Protein chains: 2
Amino acid sequence: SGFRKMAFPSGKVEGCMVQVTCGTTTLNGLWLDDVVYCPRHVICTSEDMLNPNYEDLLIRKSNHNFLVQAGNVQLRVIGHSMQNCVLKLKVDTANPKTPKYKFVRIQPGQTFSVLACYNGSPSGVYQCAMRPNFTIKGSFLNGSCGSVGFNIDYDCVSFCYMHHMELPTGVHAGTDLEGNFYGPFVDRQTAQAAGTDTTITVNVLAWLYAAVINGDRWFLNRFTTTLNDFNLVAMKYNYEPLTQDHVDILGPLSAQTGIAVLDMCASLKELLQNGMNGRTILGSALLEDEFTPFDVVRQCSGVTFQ
Amino acid sequence: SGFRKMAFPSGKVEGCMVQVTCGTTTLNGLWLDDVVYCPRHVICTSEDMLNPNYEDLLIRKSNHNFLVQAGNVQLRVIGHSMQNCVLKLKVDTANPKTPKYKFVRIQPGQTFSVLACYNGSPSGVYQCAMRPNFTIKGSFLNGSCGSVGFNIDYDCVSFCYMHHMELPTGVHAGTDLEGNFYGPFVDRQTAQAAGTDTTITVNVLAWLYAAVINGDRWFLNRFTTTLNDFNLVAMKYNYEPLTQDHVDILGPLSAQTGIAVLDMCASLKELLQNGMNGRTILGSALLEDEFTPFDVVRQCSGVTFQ
Ligand SMILES: *SC[C@@H](NC(=O)CC[C@H](N)C(=O)O)C(=O)NCC(=O)OC(C)C
Ligand SMILES: *SC[C@@H](NC(=O)CC[C@H](N)C(=O)O)C(=O)NCC(=O)OC(C)C
């Protein structure tokens with residue numbers, strides 16, 4: 001019945017986006033309860049970015065130097081503080097649209113939706129993964145900083161990403177909502193470069209199970225393998241090593257399809273060595289790795305939110 | 001700075017989704033002002049679907065036989081009528097969350113976002129195109145009928161698709177909001193099968209311009225061609241014929257990149273004949289055709305909505 005890269009409905013987060021201007025820098029912030037979260041580099045000019053001293057740059061800032069606009073209303077800033085690489089701007093009015101929410105730091109391989117924003121206004125929504133090198137492959141232009149990533153489980157919004165930087169290679173880096181960068185990146189315009197972008201093996205496997213459900217089965221070979229032998233072939237193709245926990249997590253997909261996880265590993269092996277010879281799997285000629293096992297289950301059964 | 005399949009923020013449409021039950025059939029409807037739109041096959045059982053007589057099946061239905069639930073509130077139905085293949089259920093209260101909106105019938109090759117719903121609740125959001133054979137390649141399971149497709153231009157929601165059917169081949173068919181199917185499909189469970197799924201040439205070209213902007217340029221060959229000669233090669237590869245209007249529409253992308261449209265056509269020709277030899281363009285090993293020229297411009301400049 002089809003399988004698609006699908007983000008969470010975004011309406012909940014839309015009503016949390018505001019515009020933050022400090023000096024001549026404008027970007028997005030996240031208004032939850034009576035606090036606005038935003039990247040601390042809002043206080044930097046374009047000169048300041050090669051070597052910012054954030055503590056020093058902050059000294060010359062007062063509550064009234066952060067202008068925060070929701071649609072066309074100014075919120076009054078009644079306090080502000082730096083936490084790691086984010087600013088938390090206390091405002092005098094709780095967002096009436098605040099959802100049930102929490103802050104989560106996700107693991108590499110985990111997926112989430114990004115609401116890309118400019119000047120506090122939503123532009124669009126798409127699904128990302130936290131790559132193993134702790135970048136993400138997004139779509140962000142000047143002024144997108146402060147856009148967030150999230151997951152939704154029923155009525156509860158889990159915020160896991162804030163956008164801060166684009167590296168020379170055009171991939172993207174950012175923090176959790178406590179202001180800690182994912183990976184080794186820093187909010188400085190310097191020589192920092194991403195490591196090997198390895199493939200999230202367990203997510204590829206999840207997606208092959210997804211394909212089987214939806215009718216693409218040509219790749220279902222007639223072998224099985226072992227974790228150790230499969231990983232010797234994953235290594236050379238820059239695939240993340242597959243663990244027993246990963247096997248466990250696929251157990252549900254294994255049980256719905258009747259195909260043992262190691263059998264699927266054998267099929268994947270043969271795809272890595274022999275190619276797809278021009279074939280397609282769910283309308284991709286590449287092996288997709290930004291679906292989690294939970295994503296597959298969700299989409300193939302119809303889990304809802306509100 | 002990255003390029004991604006990106007849907008419109010969905011919050012506006014979320015607040016229009018309700019649950020419609022008639023008899024033992026439940027699906028989604030769209031509540032705008034004091035009217036709820038939904039697929040007329042809500043009134044059919046699973047037996048009724050091989051050969052429904054909708055006019056006859058409707059005779060035994062009254063306003064009180066349609067139960068409409070918004071979250072956990074019942075709307076009172078004060079009138080109902082069939083329009084083509086949709087029912088319009090007049091309710092006694094205007095949706096207070098109704099956006100500025102209009103109904104548009106889109107052309108093949110045009111793109112839109114789908115908010116997939118189950119039991120009146122949002123499940124996720126993704127971007128589709130109206131294919132030239134008038135199917136779409138979505139993600140829809142039992143109970144997703146009534147989910148809608150839309151575009152947003154600033155504050156105005158243009159609804160263009162309602163989901164009704166999944167064909168034996170696992171692609172999807174549906175109507176505009178006036179209840180007219182796209183293409184030759186009917187709301188009957190019979191032998192109807194999609195035609196040739198040709199590729200939307202102009203959108204492929206748009207996406208190559210997108211790639212050039214974002215750094216992927218290896219395919220920029222050193223030829224040019226003519227519309228007529230390029231189309232003789234598009235034909236055999238089941239590509240939609242390229243017209244002058246299509247050339248005109250790419251004019252803006254041509255001007256930003258400095259690459260003439262016919263030069264891009266020559267590059268595409270060479271890709272169709274020689275393949276991608278394992279290379280990638282914007283992280284696809286296939287030529288993508290569900291971005292419009294307007295989509296590219298939008299995303300590469302940062303157009304916002306609210
Ligand atoms: S987000 C819903 C919930 N948070 C949790 O307890 C997380 C565990 C599950 N995801 C769940 O039970 O939903 C909650 O009540 N959050 C309220 C809230 O706004 O918390 C903020 C930290 C203030
Ligand atoms: S949707 C905004 C507008 N509709 C138009 O006039 C379409 C042309 C442009 N997209 C635009 O000007 O935005 C409008 O005022 N719609 C109001 C509305 O709800 O209309 C329904 C038909 C009732």
Side-chain angles (χ1 to χ4, degrees), chain A residues 8-13 15-16 30-37 83 86 88-91 93-107 110-113 121 148-162 176-179 292 294-295 297-298 303-306, chain B residues 8-13 15-16 30-37 83 86 88-91 93-107 110-113 121 148-162 176-179 292 294-295 297-298 303-306:
Chain A
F8 296 94
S10 69
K12 234 104 108 151
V13 179
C16 299
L30 189 73
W31 181 22
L32 300 167
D33 299 335
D34 61 344
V35 179
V36 178
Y37 304 76
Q83 169 166 32
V86 300
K88 299 185 298 181
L89 307 184
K90 200 191 184 35
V91 302
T93 41
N95 188 355
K97 299 172 100 197
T98 296
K100 268 145 120 167
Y101 72 86
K102 58 190 262 223
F103 294 162
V104 175
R105 185 170 186 85
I106 62 167
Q107 297 305 319
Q110 289 194 264
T111 60
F112 56 86
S113 312
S121 277
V148 295
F150 55 107
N151 280 276
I152 300 182
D153 194 45
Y154 185 34
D155 62 348
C156 155
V157 183
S158 288
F159 293 102
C160 58
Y161 179 77
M162 179 168 282
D176 67 18
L177 273 291
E178 285 160 6
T292 61
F294 304 103
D295 294 350
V297 160
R298 180 224 302 158
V303 172
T304 47
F305 326 96
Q306 259 299 15
Chain B
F8 296 94
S10 69
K12 234 104 108 151
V13 179
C16 299
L30 189 73
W31 181 22
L32 300 167
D33 299 335
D34 61 344
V35 179
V36 178
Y37 304 76
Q83 169 166 32
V86 300
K88 299 185 298 181
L89 307 184
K90 200 191 184 35
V91 302
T93 41
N95 188 355
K97 299 172 100 197
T98 296
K100 268 145 120 167
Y101 72 86
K102 58 190 262 223
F103 294 162
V104 175
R105 185 170 186 85
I106 62 167
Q107 297 305 319
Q110 289 194 264
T111 60
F112 56 86
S113 312
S121 277
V148 295
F150 55 107
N151 280 276
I152 300 182
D153 194 45
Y154 185 34
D155 62 348
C156 155
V157 183
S158 288
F159 293 102
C160 58
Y161 179 77
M162 179 168 282
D176 67 18
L177 273 291
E178 285 160 6
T292 61
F294 304 103
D295 294 350
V297 160
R298 180 224 302 158
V303 172
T304 47
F305 326 96
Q306 259 299 15

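In listed order, ligands and their atoms are each counted from 1. First the proteins, then the strands, lettered A, B, ... as listed; each starts at 1. For the numbers below, each heavy atom of this structure counts, side chains included, while hydrogens, waters and symmetry mates do not.
Closest approach of A/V86 to A/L177, counting heavy atoms only: CG2-O, 4.2 Å. Nearest heavy-atom pair, B/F305 versus B/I152, reported as atom, atom and distance to 0.1 Å: CE2-O, 3.1 Å. Summarising the geometry of B/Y37 relative to B/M162, their closest heavy-atom pair is O-CE, 3.8 Å, with the distance given to 0.1 Å.
Looking at A/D176, its side chain does come within 3.5 Å of a backbone N or O of A/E178 through a donor-acceptor pair.
The 4.0 Å heavy-atom shell around ligand 1 contains residues A/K100, A/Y101, A/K102, A/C156, ordered by chain and number.
Ring planes of B/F112 and B/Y161: parallel class, angle under 30° (limits at 30 and 60°).
Judged by a 6.0 Å distance limit and a 45° cone about the ring axis, B/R298 is positioned over the six-membered ring of B/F8.
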